[PDB]
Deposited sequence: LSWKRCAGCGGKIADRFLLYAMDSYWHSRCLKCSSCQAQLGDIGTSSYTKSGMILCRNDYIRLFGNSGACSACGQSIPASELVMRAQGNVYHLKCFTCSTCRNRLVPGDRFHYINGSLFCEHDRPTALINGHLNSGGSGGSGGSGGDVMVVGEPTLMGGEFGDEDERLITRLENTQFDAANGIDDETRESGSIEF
């Protein structure tokens, strides 16, 4: 007897199919609730939460830890890369020298005084803060997240 698809209720006669969430699927029937991507082709897993079945990217977007830019105040989505300094997060284009306005990039030396950033050549001696810091590589805003909602997809031959 063929298996029935959890997405459409039809018998699955296809040579290749999917298993995920304890169910069988026509690959075309296992789709992201948000973006309609065919989960079994785009990646190796789905996420279940709040009645939805999501791709990784939409799971991050909808449920990942968003932040806010200390410079401009505006929210940052979990998917965006950010610069970090002194426990704050910044949009890449917000991560600038307060004096000359140069954008700071990984490996740069810089100074931080009360939320103000200064490049190596604008050490704010009058304000001084004297600690030289090194700009780190950007990281994702949402950071690492657990896999509690992740459900791997298995590609099967019938």
Where the deposited sequence has no C-alpha coordinates (positions from 1, in order):
1, 130 to 144, 175 to 195
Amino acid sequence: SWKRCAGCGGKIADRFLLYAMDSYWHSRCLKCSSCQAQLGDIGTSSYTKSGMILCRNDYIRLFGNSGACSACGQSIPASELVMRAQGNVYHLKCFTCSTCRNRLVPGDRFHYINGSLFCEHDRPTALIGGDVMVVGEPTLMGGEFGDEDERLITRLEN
From here on, numbers count along this sequence of modelled residues.
Comparing 103 to 111 with 57 to 65, which has the greater mean CA B-factor as deposited?
103 to 111
Comparing 141 to 149 with 10 to 18, which stretch shows the greater average C-alpha B-factor in the deposited entry?
141 to 149
When the entry's CA B-factors for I42, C35, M133, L30 are compared, the highest one belongs to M133
Per the entry's values, where does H26 land by CA temperature factor relative to the rest of its chain, in the lowest, middle or highest third?
lowest
Sorting the chain's modelled residues by C-alpha B-factor, tell me whether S98 ends up in the lowest, middle or highest third.
highest
Could you tell me which third, lowest, middle or highest, the C-alpha B-factor of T125 occupies within its chain?
highest
